[PDB]
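Same protein, same chain, two forms; see structure 1 and structure 2 below, as structure tokens.
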Structure 1
């Protein structure tokens, strides 16, 4: 039984061995990276069902990101399985500054009046919190009285009660006991700081990633189509037009501009972490269901992200609410589920991937009964999509073990995936860029093969590659689609129902 829901696993120090030590043992950052022992840990995540690795450029310099990517290339050869490479941009982050005295945090009590400095390049005091704003912007004129400054996952609340025009400080009232640590995430909901459509830092991170070799870019805090189009222009300019863009929807503007963002992007990452601080937390499930339905209707990819197995950062078993979240993401229609801290920073990265895969594989068997997606309502807007509808109809009419598409660009695999057939989809393609580019599409098993000649029987090929990969055996029924014959067919034009020999 193959996992149809794809897993994005964030890499980090959790899987990295340094001079024979695990993450957190003292002196770990003293030692050098053991590339081979790190690659063996990553290979186990691949074997357990990670389909794509996320390189979070919020954390770690270009040297760290570049070595981690090179480590995954070894892991793929140990696992005998390729994975997608996804770069996630820093974007317009605000962080608390370093503290004076090297005193790494202070604790505060409800009611207690302090100040937030807008002035950049300074250090924090306990009385006056300083912010590291992306691109060193001045945020003073953008934040009115009665907004909230939220530190570390919205855990510590600061109410802006007055502004000191003379020092450009917010006069803030602590709303609840809590810590302000150095370098923690800050959110200020319901404000419109003029961050550029694409900051220089993100331009540089993307160009670096494109040079290493990536398949996907997840763009943090996408507010408009313009934030996607500016990254598109760089991919185009550098000969990386094959790279797919996922817009991260994590604030109100992104939700408000969702339709134009979906049209410009290849896919959406539902970035629930920031989204649930930036909009009312109880609205996130409403927006999750609505985004998955819209992205599927567009024939594009949706990733559900953040806190999916959060408890597994510290414990070997997830909570009942975490298992419920992963299961309900699948039923809602998600193409992919994601791990952040659980695979990057936690004690149980392999078990986190294994647990998510178990949940995902169980949930896919209930899509027939409880699935929210309804392919019956779609307009079939092309002949390939007409063939994708007919494939879904065959897999509803009888027990089909596997759909096989011979796909030059993956267009036929994406359309079949959009219809969510009751079968795995083997996408036989003729280059590695197309192969890796399909790795986050629901149900698609990408596989590299030789371009078939005008004299080759593609139905025989389809069956032999399915049997070689161990996906079918004697007596199984499969559906095969292709453009026949090669050199004359302009598109996928043929469906065959075949019993494996």
Structure 2
């Protein structure tokens, strides 16, 4: 069973529209064929995607809502639930549209063209327009000799001058390639004072909150305030169950990492922007340190971006991509992510299968090479003392499965944190807790009836483990619970049981 969780970004790549697969003739012209689209998504779920990411940097509310509805059907086709993660636009910058029939342009090194700060206009081959977050004027934030990078740094522009008359940057193209709509723009070493939380994000979140989501990934978290602002909307709408993963993708994020970890439910290591906003060679340092610190706090860490990039276009990943996924698992990540690979490319299913195969192989080598060390943790509560004793039992003998009966998931989270040498079946009593545990390392969430004071929870643990196919006659399992139901304050009991 795959212990490392997969976040798969959804998009047009899986969506059959009017009988036409993605990238064909008048595709964006046809309307979405829900049942067929849903069968594709079901196939991602069966292949090991544990959560779908809906990126609010691409698509009106209508595209998102319909995609979100397609997954709901997909869960019913697959007969398996997934988490629903919403990724915010956040304080970012993109490339608007081009005048005439143009979608892009060919540029050459030493070529001198223009970038506009004038918000809400159009792009010309000699005048690229910047769509900024909340239409801010960045003209007085950017100095000559700064770099404007387009399509995740795929194309660089050197600010060689500034025209006060038009509020335009004069830029010399540094290398050859593509300029595109809603295509990221980084201007590193730039103190643009974006809001603690833009309105468009406020709006996107409430929309997502009303559709039903489990997780919010908050782009460009700079300070705890950015997390707390989103917490506020979550508690206010009565969605206090929603978990916030701070996306660390700049120096301010890294500088305030400790305070961001405390306010958040987890960290998405957003290496795309991080490797432009900070020295690319420091990203692997920050990755390892962030995984260690988030695991130490009992929270969720997702490693993101370029993990199987090549499988956008090809059926097999490069040796560096297989290495990167493998090493994320060894570093101790709870989850690995696909973006364009699953959302936008020709092999989304294959991307998920491939990531699953790598993650499953790497998990077999965590004993030998794993970087996380649970022996170093302070056990700060009686539930955590029990998670430690569970890890000990799984080290002392061959344990097929750990079962926790968990009201809110707290026990499953502390067991996960300790990385036992076993899968963790988390028996919970509502769908929100079940979906909320789907990014925790090793945790297999399962809905069951809330136990009565006359029920045998150890018999329920065994029978639900047998039903789910996770154990058979003669297997040894560790079950934890709060006994007796409705007298116990917390998980207080551990039972070693041989399956009948």
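We call the rigid core whatever largest set of C-alpha positions still superposes within 1.5 Å between the two forms. Positions refer to the first chain, counted from 1.
- When the chain is split into two rigid parts to describe its motion between structure 1 and structure 2, residue 428 and residue 219 fall into the same part.
- Remark: the rigid domain rotation between structure 1 and structure 2, smaller part against larger, is 9°, computed from C-alpha superpositions.
- For residue 182, the Cα deviation between structure 1 and structure 2 after core superposition amounts to 4.5 Å.
- The Cα position of residue 30 changes by 1.2 Å between structure 1 and structure 2 once both are aligned on the rigid core.
- Relative to the superposed rigid core, residue 83 shifts its CA by 0.3 Å between structure 1 and structure 2.
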